[PDB]
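Report on one structure; see the data block that follows.
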């Protein structure tokens, strides 16, 4: 018959290939597929929903919930600093986040990102923080002035309550690596006081702010790979 | 020739595959196929014919025929109960039945079912039984009232003789398993006296009722598998 | 290339398959095929030519020629019997016959058959035999009356000389087995005197009849298989 | 309406009460076609003189009765004409009508299951590979079982009912063409059945195509004098009988 | 066709319409089963049903997906010998074709009286190494209808197959698998029989009278070897293009002997699948 | 389609337009996340963006390239024995189908509540030679749904597969790989469950109630051999033609037991991936 | 064509019409067979026939399905030697092409005088291990017409096949199978002959004069090895595109010698298939 | 892909169809 | 090259498409 | 499927036809 | 014979062309 | 079947033709 030549790759097996295989039980009319509210079609979707950020990434706090709140304090001094985290989306505190947890399934990431903060303060309470995105290039800023110099957003706490800070995409390589890499260093984001936290009489003087991160329509990932954030130093029983 | 790639599954053998194989004796014009009255094309057909039910599923009775009759008795009390069986079509007494025997060839079943009863009583004799289908959810009813509350059919014994009780299909899962499963529990069916068995003079006071089960056009099976109801703890000789 | 799946049967070898194989010496223009008187195209043809029957299938006779003649005798009695053979075309005396020899190459046979007889008597001689075909069902008839009851042909010896007896096809199964089988028993054929063998003066009083069997357009065989009638309890030398 | 009338030969049967009638595999018995045929001779087709209403030997319905069967090609091995043509010919083909009569009163209680069965290969009562004997699956008008006693030396079938004699839970037997005789509604049972067999015409002697069974399901129960006997009578009619492969004549056995 | 055939929606079941109540004369729930017929009552009749558009196919409930599945029907075995090669009735097998010699499958068919079909085959040689090296072991599976020279021993002359079928399999090459018509002779395979060989009160009677499709002889070519072996060339059979007429009750009792219906243990007072209940009152 | 599908440009992401400054009233950067909804703010909103025509596809970010990848879910093992062949529960395996019995993959799914898909399979027998020669070793992998005769030991009668599926692989021939529908029964595979067997204060509760797709039994044909072996027929599974509804948080703590969600080490005061910081002030 | 060819209904036989009685003059049943011709009488003539529409094909009764079947015609054998490799007339075979050297098939043809056909071939090496390991053993089957250097021993120079045909088979790769025309020379293969070499009262006479299609030499490459072997490369032959002229009586007596017709046992007072009867009167 | 009876005989073919 | 569902059943086919 | 004489020569081909 | 990208992805294909 | 130069280069092809 057809003079054929069997090619090199032939007979192999790849955990990543698109090929057909004979059924196993022919003529099986599977159960119909009823209608079910909420079906996904793209990881992306999940990536665009803001999940909460562990940031109070500190000691005893960590195994608890607090590990999520950031109390905005006193501050005797002025123009003092709140916190910082680095943008490299696979870096505790980030990592664990619905996003992070994910990204860690792919080798490369890209686009803008969104950080949102909420005031679990009081009503009569007031404040004004300055948040900033310090692109890759230098060291996480020691001072506000130094950080205010780049990308930022002044946040006026008020009747609203949620300020969303965007993290533009600044990079040389259209794409960044999800894995820790000195090169693909995305930078830092930090928060400082613009004014203070003023509270009229008989209101607490510390209060919390929750923070979150969802994606931007910018966003996109690639090169699927097995995760980081989960070592099954098992096995698993029965 | 044709640069080909041999795919993973290649060279295997499946007791369930559709593939051609060379004849063995070419040009063999098989004996013509004469006409023969009654040919099947679907198990279903066989499934729609009511076969008799062993129900008198009791001790010494069992290896005999009686194992098929249910004598309707005296009953000093009133509103008393006759019998019960459970619907899970792969459960002695059911199982052995042309249906059961079958269903046990597939992993999943579905649709309605039909139970028919016949009075092998007398002519001058009279009675009125109440049959009921107690859907899955609770325990086979201890009392009539409790059972009458769900699906049932009052049966007036008369010039007719056969009352057919339908077993609607009530389930969560479009489909049920043929194999014993707490989940896929189809329920119970039971029979009780509505009135009595009255017989005018010099007529026996016990009589029998035969019972049967055929399918409904509802009915359908799937996922063929090897049977339950037959262990060849042989072999087989010569 | 073409994602292919190698099927079960692959690589085997069958003494009965239609497949191409590369030539061996390309561009070989074989000797032309001149015209040759008498070429066959179907076994059938050979099967329709009457070959002679060994019937005098008796002792010392057998390794000789006589083994072919049947002398029609005296017969003091009347209505006496000549011979018999059974129809199962793979049964000495039949078998060895161009037909038999053949049929023994196939597993199944069918149709009508033809027996022809010839009078190697004299000219002035006369006779009348009765030949009969006793279909399958009973025992080869002990008496003429009993046999005359079924299929037969009275034969008037005369200026002609050859009477041909047909063996209709009577069977349940469109087809019969070539191999000895109680079921597929075709029956018996026998010959008896109707009158006598009268010869006017000074003519011998015994004479012979030759008998033959050719096929009918009815006829047909199938399921080729290796023969019976030839055991090469050799080998074969040089 | 239940009343029924049937006319087959020079014979007719009536029934002032009935449970319909049944046509086996919904096919009506008829004569063989030059398509499915195989033989070459012109079949003899005794009409009327043959395919008529023959009635067998009657039987008693006991409270100890267990069941009784008759094998059709065989039950009429004596029934005039049909049963001669049987013996004179190799090939025989024919369909039947089964009229099962069994009356008693409306004060009686009983149930008979009647069924016909294509190729009813019975099982021997004895373990092994020894098949039932000829001479015992060839009873005749008289039929077999009753609840009888016999030599165990004979390669004797299973007198065993519940297993169907073939070892298939009776009750699934309802798959074969059937009906009952519930003495409270019924009077008879009428089965009509075409010719079923992988061959156009079989041996009326070696092969019995149809096998008929009647089995007491709910035991007869009166309150009368056991002077009151309630027989069971079977009547049969070859229909579209056709024969061929004429010759001497077999022999009785 | 495609969709319907690929989606497997060829034989679909009706849906359950909607009902309302009925305070009316004709009672469909009442029929007399003595007529031997089957009731025709449905959900919609008995209850106040709703409306369910179905979507279950009775495709897998076809005599072809019920029958068309490969099954062990024989396990040819050859405990080779090197001591005496050849010899009479050795190192070559010959089993009688036809089921029975194996359960499961046998039971399946038996569900019908007659039947007919082209049979697809598949071999599965399994070479067990009882030596320190087997290597190359050729095999010859040659079929043989009736009236045919069945090899007396290995190297007869019947293994020339000048006009017979012999399939060859050499360790490595995939599993041989060929097909086969409807053989037999008349119309269909006798799934039973109520006939005999004859009037001989010693004649045969059973589904072994109408089925004698010759025998199949094996034989391991390659000749004499050093390190021993034992082979077990399994056999599977599938029915493709099958047909069916008239059905019948399944077989509850474990068979006996080959051919035959016989039931009858070595005491086992006999046994069936039915289970015993204390009381009918509770299930 | 092609190009778009070959070039893998099916799901493309929008580009980043150009912006200008805004000294205006409506503040898009301000929303109240308490609404439970998600913000909708973009680069273009917050900054003075430029103009970048994108070219990143969200193709590989599809439940099919996220799910559709083969993964070890089971490692059937058979330390053969020649001493006692057959015997009860020997030289033939039987594992319960369904994941969990393996990480990585398990974690992946669990990312969603429900789910549905046709499953593609692939076997990977690995014959370890513990002898001086193995040779030919046939294998039989036969699937078995519920209510089905599970082989008591090797050669039951259930290995006839008269109506079951058994795939056969002989040393040499490539890796078997077959597929399989969406089995189950209703609509989709329960990726979890908050139901029980019943009211029995001893009933079962978990994603093991809605999933009992029978078991699969192995078994190494070929029979008895000289030189021993041990087999390890790996198992990989791929989800083709998959679907998804409603998502959920990933699993950070190393699982426990099969089925179940349980977290709870043998002291390991419990442990998660989160790392500890000295101070929030420096990252 | 298809249907007719797939359904195998190419050569169909007539049907048997219906007859009536004949009380008439012309007697078809009477003919004189001395004319050497064959009668032409039929069912319809002799009896009162019915009407049967037939449906039997004479397809399988064609010189191509009668002849076109593979048959052992030779069994090349090589009991290797490692002691002396090469040497003269060793470890390489050379058999004379043409049947006879094998029964069954030989008998088949012989049914006809002349004949002609393209021959399809198939080899079946069978490597018997007489050692503790064979491994890789290449083979070279090289055909050789007349006037051609036939290897004196293994490694001649004729195994270069610079212009000859040599097929190569290495343990593993499937069975070689090639074809071949009608070779010969004139028109068809002499299935017999009644000629001689010449007038020399010592000349040859038989079907070995018109058929000398050279010889075929084997030889097992791979060279010298450790563990011995013995090979038996079977040979099968099939006739495709065959023709036939003039038929003749089959061969009842077991042959003798190659070529030739001779019958004549070592006493066996000679023997034929005919059986002996006690009496003609009872069969 | 279908109806490509690679083999001549009919006995050799896939599982029939349904109708 | 594509859409050549060499196998009958649908469950057997390549990774679906995208839309 | 047929008449695809994958090979050049005629001697190489399937069993002829019938007519 | 050509342009039969038996595989989906583009990265898998023969050596490109020339122009 | 023919002219299906499965390979690109010309040096790779069957035995030429005749004319």
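A, B, C, D, E, F, G, H, I, J, K and L are the chain letters, set down in written order, and residue numbers restart from 1 in every chain.
In this section, a contact is a pair of C-beta atoms (placed from the backbone, for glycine too) under 8 Å apart; a residue touches a chain by one contact, two chains touch by 3 or more.
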Item to complete: Could you tell me the least number of steps, going only between chains that touch, from chain A to chain H?
Response: 2
Discussion item. If you average the CA coordinates per chain, which chain's centre is most distant from that of chain C?
Written reply: A
Response to the item:
When C-K and B-F are ranked by contacting C-beta pairs, first comes B-F
Fill in: Same-interface partner of A-B, chosen from the options B-C or A-C, over half of the pairs matching
B-C
Practice prompt. Give the identifier of the chain nearest to the protein's overall CA centre, each chain being represented by its own CA mean.
Written response: E
Worksheet entry | Length of the line joining the C-alpha centres of chain E and chain H, rounded to whole Å | 21
Worksheet item: Where the CA atoms of chain B average out and where those of chain G average out, how many Å apart are those spots?
Response: 61
Worksheet item: When the C-alpha atoms of chain D and chain G are each averaged to a single point, how far apart are the two points in Å?
Response: 57
Response to the item:
So, in whole Å, the Cα centroid of chain G is separated from that of chain L by 37
Worksheet item: Considering chain F alone, which of its residues make contact with at least two other chains?
Response: 5, 11, 62, 65, 122, 157-158, 160-165, 168, 172-175, 177-183, 185-187
Fill in: Sites on chain I at which at least two other chains make contact
1, 5-15
Response to the item:
chain A residues touching 2+ other chains are 1-3, 5, 7, 11, 13, 18-32
Worksheet item: In their shared complex, at which residues does chain B touch chain D?
Response: 32, 34-38, 46, 49-54, 63-65, 67-69, 96-98, 101, 118-125, 159, 161, 202-204, 207-208, 210, 212, 237-238
Worksheet item: What residues of chain G sit close enough to touch chain D in their complex?
Response: 16, 18-19, 43, 47-53
Worksheet entry | chain C-facing residues of chain J, complex | 5-9, 11-15
Worksheet item: Of all residues in chain F, which touch chain E in the complex?
Response: 132-138, 157-164, 168, 170, 172-173, 221-227
Worksheet item: Hey, which residues of chain F end up touching chain B in the complex?
Response: 122, 142, 144-149, 157-158, 160-169, 172-178, 183, 185-187, 197-198, 203-204, 209-210, 212, 214
